[PDB]
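Protein chains: 2
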Amino acid sequence: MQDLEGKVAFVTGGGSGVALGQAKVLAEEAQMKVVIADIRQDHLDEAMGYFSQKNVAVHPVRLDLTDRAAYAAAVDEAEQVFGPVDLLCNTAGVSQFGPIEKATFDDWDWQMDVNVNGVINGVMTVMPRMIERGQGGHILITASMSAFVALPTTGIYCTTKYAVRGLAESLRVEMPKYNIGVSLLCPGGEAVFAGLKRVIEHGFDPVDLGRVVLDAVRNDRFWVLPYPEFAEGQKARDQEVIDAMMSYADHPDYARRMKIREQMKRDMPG
Amino acid sequence: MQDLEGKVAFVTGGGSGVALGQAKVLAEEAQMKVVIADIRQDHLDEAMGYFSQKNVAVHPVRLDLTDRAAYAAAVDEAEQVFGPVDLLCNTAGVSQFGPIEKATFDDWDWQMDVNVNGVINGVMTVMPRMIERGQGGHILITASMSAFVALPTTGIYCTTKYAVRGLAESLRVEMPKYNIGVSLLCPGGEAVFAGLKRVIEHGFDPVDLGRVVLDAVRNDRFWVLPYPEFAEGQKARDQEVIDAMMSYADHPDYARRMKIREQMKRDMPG
Numbered sequence: 001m002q003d004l005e006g007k008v009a010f011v012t013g014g015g016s017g018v019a020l021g022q023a024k025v026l027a028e029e030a031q032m033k034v035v036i037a038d039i040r041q042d043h044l045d046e047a048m049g050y051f052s053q054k055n056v057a058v059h060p061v062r063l064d065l066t067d068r069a070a071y072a073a074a075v076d077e078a079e080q081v082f083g084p085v086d087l088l089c090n091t092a093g094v095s096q097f098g099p100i101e102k103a104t105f106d107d108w109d110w111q112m113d114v115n116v117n118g119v120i121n122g123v124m125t126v127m128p129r130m131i132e133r134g135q136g137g138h139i140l141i142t143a144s145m146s147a148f149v150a151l152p153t154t155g156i157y158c159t160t161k162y163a164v165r166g167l168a169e170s171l172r173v174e175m176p177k178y179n180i181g182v183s184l185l186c187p188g189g190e191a192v193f194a195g196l197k198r199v200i201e202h203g204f205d206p207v208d209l210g211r212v213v214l215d216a217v218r219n220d221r222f223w224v225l226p227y228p229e230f231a232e233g234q235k236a237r238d239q240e241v242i243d244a245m246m247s248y249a250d251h252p253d254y255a256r257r258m259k260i261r262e263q264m265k266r267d268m269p270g
Numbered sequence: 001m002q003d004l005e006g007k008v009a010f011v012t013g014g015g016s017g018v019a020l021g022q023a024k025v026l027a028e029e030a031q032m033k034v035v036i037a038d039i040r041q042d043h044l045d046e047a048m049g050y051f052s053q054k055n056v057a058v059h060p061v062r063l064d065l066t067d068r069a070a071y072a073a074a075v076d077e078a079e080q081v082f083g084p085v086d087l088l089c090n091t092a093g094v095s096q097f098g099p100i101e102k103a104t105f106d107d108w109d110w111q112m113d114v115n116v117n118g119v120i121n122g123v124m125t126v127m128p129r130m131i132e133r134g135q136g137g138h139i140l141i142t143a144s145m146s147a148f149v150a151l152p153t154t155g156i157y158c159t160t161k162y163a164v165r166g167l168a169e170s171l172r173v174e175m176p177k178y179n180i181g182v183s184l185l186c187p188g189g190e191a192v193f194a195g196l197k198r199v200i201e202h203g204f205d206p207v208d209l210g211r212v213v214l215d216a217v218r219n220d221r222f223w224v225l226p227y228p229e230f231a232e233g234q235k236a237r238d239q240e241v242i243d244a245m246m247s248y249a250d251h252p253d254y255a256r257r258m259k260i261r262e263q264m265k266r267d268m269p270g
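Protein sequence lines correspond, in order, to chains A and B.
Take the first sequence: its position 106, counted from the start at 1, is 106 in our numbering, and no numbers get skipped.
Take the second sequence: its position 50, counted from the start at 1, is 50 in our numbering, and no numbers get skipped.
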């Protein structure tokens, strides 16, 4: 998405953390009109304490993103204050780690509601409006490296981030025909992976990561995983699945399916 | 998991489809004591019509797997009739396809509850009992090739199957220390992928797929994707992510993180 100046961004969890970093970069550098949605009023107040000292257009709204009615109202408010949402940043998220066998249903429901339903709610509230308007748009989903890597004690969290990864890849297929871009950001949160992530944690900066997002939005990039370190580790994870698939290359039914495909490339147009 | 004869299997959705195929193979070939759990009584009756003509130990229980209290009761019933669950097959699943922009919240909630919460409910009901018993066990999660491949109109379904894939990979990390095996089956449900899957659909048989599962359980295999055809397609999908990661190999912060790692392999033990 180009020409971001004056366009409207809606950032969940925007009162703190990664989301605040995104809000800062979009409002200051990109000069977008940014709505920051956060459940906590004090976090909103803090962010506005910062933005009140900058030449920006930022509007706070207190929102529990698990509340579908309130979400719709918050987006209505965004439209009245600034205008139709051009860029949706689904960046809000929670995490509570522990052994999976000790997890409660309340633990599951809480993280599922915020991390998955929160993203679903935003997408389903905003994306149909984008399509109706017919001026395109962009949808950012902030997942995690946990959408690729399961770890001890991150069972629930991992499940929620895989989920929104699937949603993101699904949007990626159906949104382009509406000129709506889709980006999937995986900041994070093999003991080798832990050691590599820890160094990333040490250098991590929300504003710097915000500029990575900005770059991805401008150039309409889907995969936003700015970590070359994880490459060899991911290749190994990928190869497990490939090897699993190829372990049945021997099995007769496969040769039978290949016999049919061979015959069907003959006979027919293309 | 070995020595399956006489051991107890709990199969959700066991009254029909893939799940019934699993139940048949476990009850007849493996000679397990199989509990089939299904929401529909008539499907239960049909399956029992079949099993009543075989020398098997099969017990039906009508269960809405989205009902946590009922699920616990169904597993209690399994313990009273046969004994503690040794093999849990989370195979129940629903699907309703359509353009994502037309999806309702009811569409989301329904498929999320059955496909994701249904699996969570089973795992959280049975797995702590397995651990408490201290005799190990095995957990099968039946996802889909949609846990790897997003497709037009499969947005909700894809999201739910990615989710349980994450849960499966999470279980894979934490369960081995309790001698509990984990298997992830992806039957299915690039226009090339569609064409390849259609030929698989044509040859698909629930009993044959049931024998694939049996083989995976016996040999404690996690990745159960018996389709070599999808290899080259998946490699291409994998390479997108690798290339995305490596696209920042140039960026200074990465070289900075590598400088730190280089120094830390020196200095310290290992």
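Think of the CB as a built atom: it goes at the ideal place given N, C-alpha and C, for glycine as much as any other residue.
Neighbour flag for residue i against chain B, beta carbons, 8 Å
{"i": "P99 (chain A)", "result": "yes"}
{"i": "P84 (chain A)", "result": "no"}
{"i": "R133 (chain A)", "result": "no"}
{"i": "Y162 (chain A)", "result": "yes"}
{"i": "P152 (chain A)", "result": "yes"}
{"i": "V241 (chain A)", "result": "yes"}
{"i": "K259 (chain A)", "result": "no"}
{"i": "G203 (chain A)", "result": "yes"}
{"i": "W108 (chain A)", "result": "yes"}
{"i": "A30 (chain A)", "result": "no"}
{"i": "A92 (chain A)", "result": "no"}
{"i": "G188 (chain A)", "result": "no"}
{"i": "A19 (chain A)", "result": "no"}
{"i": "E174 (chain A)", "result": "yes"}
{"i": "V199 (chain A)", "result": "yes"}
{"i": "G118 (chain A)", "result": "no"}
DSSP bridge partner residues for residue i (one or two, in chain order)
{"i": "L167 (chain B)", "result": "According to DSSP, which records beta bridges pairwise, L167 (chain B) is partnered with nothing at all."}
{"i": "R62 (chain A)", "result": "A:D38"}
{"i": "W108 (chain A)", "result": "Answer is none; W108 (chain A) lacks a bridge partner."}
{"i": "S183 (chain A)", "result": "A:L140"}
{"i": "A9 (chain B)", "result": "B:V34, B:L87"}
{"i": "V224 (chain B)", "result": "B:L185"}
{"i": "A57 (chain A)", "result": "A:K33"}
Expected contact under 8 Å - CB spacing of residue i and residue j to nearest Å
{"i": "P84 (chain A)", "j": "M245 (chain B)", "result": "With 8 Å as the limit, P84 (chain A) and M245 (chain B) do not qualify as a contact, their Cβ atoms being about 34 Å apart."}
{"i": "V8 (chain A)", "j": "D86 (chain A)", "result": "5 Å"}
{"i": "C89 (chain A)", "j": "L140 (chain A)", "result": "5 Å"}
{"i": "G98 (chain B)", "j": "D253 (chain A)", "result": "In fact, because the Cβ distance is near 32 Å, the residues do not count as touching under 8 Å."}
{"i": "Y71 (chain B)", "j": "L63 (chain B)", "result": "6 Å"}
{"i": "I39 (chain A)", "j": "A23 (chain A)", "result": "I39 (chain A) to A23 (chain A), Cβ: 15 Å. No contact."}
{"i": "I180 (chain B)", "j": "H138 (chain B)", "result": "7 Å"}
{"i": "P60 (chain A)", "j": "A69 (chain A)", "result": "Incorrect: roughly 19 Å between the Cβ atoms, too far for contact."}
{"i": "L65 (chain B)", "j": "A27 (chain B)", "result": "Wrong, their Cβ atoms sit about 20 Å apart, outside the cutoff."}
Beta carbon proximity, residue i to chain A, threshold 8 Å
{"i": "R266 (chain B)", "result": "no"}
{"i": "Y71 (chain B)", "result": "no"}
{"i": "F193 (chain B)", "result": "no"}
{"i": "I139 (chain B)", "result": "no"}
{"i": "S170 (chain B)", "result": "yes"}
{"i": "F10 (chain B)", "result": "no"}
{"i": "residue 276 (chain B)", "result": "Residue 276 (chain B) is absent from the model: chain B starts at 1 and stops at 270."}
{"i": "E190 (chain B)", "result": "no"}
{"i": "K235 (chain B)", "result": "yes"}
{"i": "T159 (chain B)", "result": "yes"}
{"i": "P128 (chain B)", "result": "yes"}
{"i": "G166 (chain B)", "result": "yes"}
{"i": "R211 (chain B)", "result": "no"}
{"i": "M145 (chain B)", "result": "no"}
{"i": "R256 (chain B)", "result": "yes"}
{"i": "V25 (chain B)", "result": "no"}
{"i": "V114 (chain B)", "result": "no"}
Near the ligand SAM: residue i beta-carbon under 7 Å from a heavy atom
{"i": "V123 (chain B)", "result": "This structure does not include the ligand SAM; it has no bound ligands of any sort."}
Contacts that residue i makes with chain E (C-beta to C-beta distance below 8 Å)
{"i": "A103 (chain A)", "result": "Absent from the structure: chain E. Protein chains present are A and B."}
Segment contact flag, the segment 216 to 234 of chain B with the segment 260 to 268 of chain B, C-beta cutoff 8 Å, min 3 pairs: no
Per the contact definition of three or more C-beta pairs closer than 8 Å, is the segment 186 to 197 of chain B in contact with the segment 227 to 242 of chain B? yes
Looking at C-beta atoms only, is the number of pairs between the segment 64 to 76 of chain B and the segment 119 to 139 of chain B that lie closer than 8 Å three or more? yes
Any contact of the segment 4 to 14 of chain B with the segment 32 to 49 of chain B, i.e. 3+ C-beta pairs under 8 Å? yes
What residues from the segment 46 to 79 of chain B come within 9 Å of chain A, judged by C-beta to C-beta, listed N to C? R68
Does the segment 180 to 192 of chain B touch the segment 168 to 188 of chain A, meaning 3 or more C-beta pairs lie closer than 8 Å? no
Which of the residues in the segment 219 to 230 of chain A, read from start to end, lie with their CB under 9 Å from any CB of chain B? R221, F222, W223, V224, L225, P226, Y227, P228, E229, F230
Inspect the CB distances between the segment 55 to 62 of chain A and the segment 96 to 116 of chain A and report whether three or more fall short of 8 Å. no
At least 3 beta-carbon pairs within less than 8 Å: the segment 134 to 149 of chain B vs the segment 157 to 169 of chain B: yes
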